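As stored in query_4.txt (compact mmCIF, C-alpha atoms):
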# COMPACT_ATOMS: atom_id res chain seq x y z
CA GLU A 1 136.90 107.92 103.74
CA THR A 2 135.14 104.55 103.56
CA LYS A 3 132.17 106.31 101.95
CA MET A 4 134.46 107.63 99.21
CA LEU A 5 135.78 104.13 98.50
CA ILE A 6 132.28 102.63 98.38
CA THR A 7 131.00 105.40 96.12
CA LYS A 8 133.94 104.97 93.74
CA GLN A 9 133.48 101.19 93.67
CA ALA A 10 129.77 101.58 92.99
CA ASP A 11 130.31 104.12 90.22
CA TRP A 12 132.84 101.77 88.62
CA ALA A 13 130.38 98.87 88.89
CA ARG A 14 127.77 100.98 87.12
CA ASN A 15 130.31 102.03 84.48
CA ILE A 16 131.10 98.43 83.48
CA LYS A 17 127.33 98.02 82.97
CA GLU A 18 126.55 95.92 86.05
CA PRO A 19 123.78 98.03 87.60
CA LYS A 20 122.70 95.32 90.07
CA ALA A 21 125.75 95.45 92.34
CA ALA A 22 126.11 99.14 91.50
CA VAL A 23 122.77 99.84 93.17
CA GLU A 24 123.68 97.30 95.86
CA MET A 25 126.57 99.40 97.17
CA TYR A 26 124.90 102.66 96.30
CA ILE A 27 122.51 101.67 99.08
CA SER A 28 125.38 100.47 101.27
CA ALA A 29 127.11 103.84 100.76
CA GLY A 30 124.17 106.01 101.82
CA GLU A 31 123.93 107.44 98.29
CA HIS A 32 120.25 106.69 97.76
CA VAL A 33 119.85 109.54 95.24
CA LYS A 34 122.14 107.82 92.72
CA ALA A 35 120.62 104.44 93.58
CA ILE A 36 117.11 105.68 92.81
CA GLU A 37 118.34 107.39 89.65
CA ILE A 38 119.85 104.14 88.34
CA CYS A 39 116.83 102.08 89.41
CA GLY A 40 114.45 104.45 87.63
CA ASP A 41 116.69 104.39 84.57
CA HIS A 42 116.39 100.59 84.60
CA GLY A 43 112.81 100.61 85.91
CA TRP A 44 113.26 97.91 88.57
CA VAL A 45 110.26 97.98 90.91
CA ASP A 46 111.60 95.34 93.31
CA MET A 47 114.65 97.14 94.70
CA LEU A 48 112.85 100.49 94.31
CA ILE A 49 110.11 99.47 96.74
CA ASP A 50 112.73 97.74 98.90
CA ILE A 51 114.79 100.90 99.40
CA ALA A 52 111.68 103.09 99.66
CA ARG A 53 110.36 100.88 102.47
CA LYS A 54 113.82 100.89 104.08
CA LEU A 55 114.42 104.61 103.55
CA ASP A 56 114.20 107.08 106.41
CA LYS A 57 110.96 109.01 106.78
CA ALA A 58 112.90 112.27 107.19
CA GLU A 59 114.33 111.70 103.69
CA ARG A 60 111.41 113.56 102.14
CA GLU A 61 112.91 114.15 98.69
CA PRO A 62 114.32 110.59 98.23
CA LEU A 63 110.90 109.13 99.06
CA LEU A 64 109.18 111.66 96.79
CA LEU A 65 111.47 110.55 93.96
CA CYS A 66 110.77 106.92 94.87
CA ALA A 67 107.02 107.50 94.59
CA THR A 68 107.54 109.54 91.41
CA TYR A 69 109.37 106.63 89.79
CA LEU A 70 106.76 104.17 91.09
CA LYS A 71 103.93 106.20 89.54
CA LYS A 72 105.99 106.68 86.37
CA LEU A 73 106.42 102.90 86.31
CA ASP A 74 103.44 100.54 86.35
CA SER A 75 103.09 100.71 90.15
CA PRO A 76 100.63 103.46 91.11
CA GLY A 77 99.54 101.71 94.30
CA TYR A 78 103.15 101.39 95.41
CA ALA A 79 103.59 105.13 94.87
CA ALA A 80 100.44 105.72 96.91
CA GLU A 81 101.81 103.57 99.74
CA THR A 82 105.09 105.51 99.66
CA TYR A 83 103.22 108.83 99.72
CA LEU A 84 101.14 107.68 102.69
CA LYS A 85 104.24 106.46 104.52
CA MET A 86 106.16 109.71 104.02
CA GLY A 87 103.11 111.80 104.95
CA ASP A 88 102.06 113.84 101.88
CA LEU A 89 98.38 112.94 101.88
CA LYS A 90 97.60 115.84 99.53
CA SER A 91 99.76 114.25 96.84
CA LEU A 92 98.22 110.89 97.78
CA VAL A 93 94.75 112.21 96.93
CA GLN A 94 96.16 113.88 93.82
CA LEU A 95 97.53 110.47 92.80
CA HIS A 96 94.18 108.81 93.46
CA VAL A 97 92.64 111.43 91.19
CA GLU A 98 95.32 110.60 88.62
CA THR A 99 94.85 106.84 89.09
CA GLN A 100 91.05 107.17 88.69
CA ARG A 101 90.47 105.74 92.18
CA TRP A 102 87.22 107.56 92.90
CA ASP A 103 86.10 105.59 95.97
CA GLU A 104 89.58 105.45 97.52
CA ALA A 105 90.10 109.18 97.00
CA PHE A 106 86.65 109.89 98.43
CA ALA A 107 87.52 107.89 101.55
CA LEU A 108 90.86 109.71 101.81
CA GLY A 109 89.09 113.06 101.52
CA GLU A 110 86.76 111.89 104.26
CA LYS A 111 89.91 111.35 106.32
CA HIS A 112 91.29 114.73 105.19
CA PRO A 113 88.43 117.19 104.46
CA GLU A 114 90.76 119.72 102.82
CA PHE A 115 91.92 116.98 100.45
CA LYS A 116 88.30 116.20 99.58
CA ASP A 117 87.47 119.85 98.90
CA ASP A 118 90.61 120.29 96.79
CA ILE A 119 90.56 117.09 94.72
CA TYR A 120 86.92 115.99 94.54
CA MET A 121 85.76 118.86 92.33
CA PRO A 122 87.80 117.11 89.59
CA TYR A 123 85.59 114.10 90.30
CA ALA A 124 82.61 116.43 89.87
Whole structure, structure tokens version:
Amino acid sequence: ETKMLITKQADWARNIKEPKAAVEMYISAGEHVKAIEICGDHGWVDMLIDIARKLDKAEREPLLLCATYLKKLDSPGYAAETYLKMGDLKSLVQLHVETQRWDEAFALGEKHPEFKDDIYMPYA
């Protein structure tokens, strides 16, 4: 019942065009999906990395969306850090291929030989 009140208050705060507090009590409500959606709509790296670093590891999809927004924004390294934290090293190496980080991706593939075999042929 408190969650309903916080979600309604946050949606109202967004609707009056005050996304700052709206995201603030999105996060306080445990509604990180809507929080990340609004943050990506406004492209605010600060609170995006804040919530992504304070999100639960088991929240695989919220962290994937966090890293997706980070890579979509001008923060590829932040997306790489989020990918490494959540545990999808395959997508980390795919990002390093996308970010033209040849040496970093080669080191990662040394750490994960399957990742090297999969995503170092594109470097070839």
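Taking all atoms listed in the file into account, the residues near (118.3, 109.0, 89.1), no farther than 12 Å, are residues 23, 26, 31, 32, 33, 34, 35, 36, 37, 38, 39, 40, 41, 42, 43, 48, 62, 65, 66, 68 and 69 of chain A.
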Put those residues in a file: C-alpha atoms, as a PDB file, in the frame of the given file.
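This went into again.pdb:
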ATOM      1  CA  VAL A  23     122.770  99.840  93.170  1.00  0.00           C
ATOM      2  CA  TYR A  26     124.900 102.660  96.300  1.00  0.00           C
ATOM      3  CA  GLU A  31     123.930 107.440  98.290  1.00  0.00           C
ATOM      4  CA  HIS A  32     120.250 106.690  97.760  1.00  0.00           C
ATOM      5  CA  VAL A  33     119.850 109.540  95.240  1.00  0.00           C
ATOM      6  CA  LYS A  34     122.140 107.820  92.720  1.00  0.00           C
ATOM      7  CA  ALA A  35     120.620 104.440  93.580  1.00  0.00           C
ATOM      8  CA  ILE A  36     117.110 105.680  92.810  1.00  0.00           C
ATOM      9  CA  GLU A  37     118.340 107.390  89.650  1.00  0.00           C
ATOM     10  CA  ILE A  38     119.850 104.140  88.340  1.00  0.00           C
ATOM     11  CA  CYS A  39     116.830 102.080  89.410  1.00  0.00           C
ATOM     12  CA  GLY A  40     114.450 104.450  87.630  1.00  0.00           C
ATOM     13  CA  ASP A  41     116.690 104.390  84.570  1.00  0.00           C
ATOM     14  CA  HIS A  42     116.390 100.590  84.600  1.00  0.00           C
ATOM     15  CA  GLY A  43     112.810 100.610  85.910  1.00  0.00           C
ATOM     16  CA  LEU A  48     112.850 100.490  94.310  1.00  0.00           C
ATOM     17  CA  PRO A  62     114.320 110.590  98.230  1.00  0.00           C
ATOM     18  CA  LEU A  65     111.470 110.550  93.960  1.00  0.00           C
ATOM     19  CA  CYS A  66     110.770 106.920  94.870  1.00  0.00           C
ATOM     20  CA  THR A  68     107.540 109.540  91.410  1.00  0.00           C
ATOM     21  CA  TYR A  69     109.370 106.630  89.790  1.00  0.00           C
TER      22      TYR A  69
END
>> Env of residue A:100: 9 Å cut, atoms = only C-alpha atoms, seq-sep filter 5 positions within chain, self excluded. Answer as a ChimeraX atom specification.
In response: /A:95,105,123
> Rounded to one decimal in Å, what is the spacing between atom CA of residue A:58 and atom CA of residue A:86?
Replying inline: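 Going from atom CA of residue A:58 over to atom CA of residue A:86 covers 7.9 Å.
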Shell of 10 Å around residue A:85, only C-alpha atoms, local chain residues under 4 positions omitted, as a compact mmCIF listing (two decimals) with C-alpha atoms, in the coordinates of the input:
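See out-v3.txt below for the written result:
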# COMPACT_ATOMS: atom_id res chain seq x y z
CA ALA A 52 111.68 103.09 99.66
CA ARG A 53 110.36 100.88 102.47
CA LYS A 57 110.96 109.01 106.78
CA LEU A 63 110.90 109.13 99.06
CA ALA A 79 103.59 105.13 94.87
CA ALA A 80 100.44 105.72 96.91
CA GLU A 81 101.81 103.57 99.74
CA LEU A 89 98.38 112.94 101.88
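Picture a line from atom CA of residue A:3 to atom CA of residue A:83; it runs 29.1 Å.
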> Which one of A:84, A:5, A:124, A:10 sits closest to residue A:102 if you count only C-alpha atoms?
Replying inline: A:124
Each side padded by 8 Å, which centre and which edge lengths in Å (one decimal) define the axis-aligned box around the listed atoms of stretch 24-35 of chain A? Give them as JSON.
{"center_x": 123.5, "center_y": 103.4, "center_z": 97.3, "size_x": 23.3, "size_y": 28.2, "size_z": 25.1}
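Distance-wise, atom CA of residue A:51 and atom CA of residue A:27 end up 7.8 Å apart.
For the point (133.8, 107.5, 98.9), the residues with at least one atom inside 12 Å, counting all atoms listed in the file, are residues 1, 2, 3, 4, 5, 6, 7, 8, 9, 10, 11, 12, 25, 26, 28, 29, 30 and 31 of chain A.
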Go ahead and save the residues from that selection, with C-alpha atoms, as a PDB file, in the frame of the given file.
ATOM      1  CA  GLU A   1     136.900 107.920 103.740  1.00  0.00           C
ATOM      2  CA  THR A   2     135.140 104.550 103.560  1.00  0.00           C
ATOM      3  CA  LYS A   3     132.170 106.310 101.950  1.00  0.00           C
ATOM      4  CA  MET A   4     134.460 107.630  99.210  1.00  0.00           C
ATOM      5  CA  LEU A   5     135.780 104.130  98.500  1.00  0.00           C
ATOM      6  CA  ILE A   6     132.280 102.630  98.380  1.00  0.00           C
ATOM      7  CA  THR A   7     131.000 105.400  96.120  1.00  0.00           C
ATOM      8  CA  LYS A   8     133.940 104.970  93.740  1.00  0.00           C
ATOM      9  CA  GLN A   9     133.480 101.190  93.670  1.00  0.00           C
ATOM     10  CA  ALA A  10     129.770 101.580  92.990  1.00  0.00           C
ATOM     11  CA  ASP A  11     130.310 104.120  90.220  1.00  0.00           C
ATOM     12  CA  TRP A  12     132.840 101.770  88.620  1.00  0.00           C
ATOM     13  CA  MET A  25     126.570  99.400  97.170  1.00  0.00           C
ATOM     14  CA  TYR A  26     124.900 102.660  96.300  1.00  0.00           C
ATOM     15  CA  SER A  28     125.380 100.470 101.270  1.00  0.00           C
ATOM     16  CA  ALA A  29     127.110 103.840 100.760  1.00  0.00           C
ATOM     17  CA  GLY A  30     124.170 106.010 101.820  1.00  0.00           C
ATOM     18  CA  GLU A  31     123.930 107.440  98.290  1.00  0.00           C
TER      19      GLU A  31
END
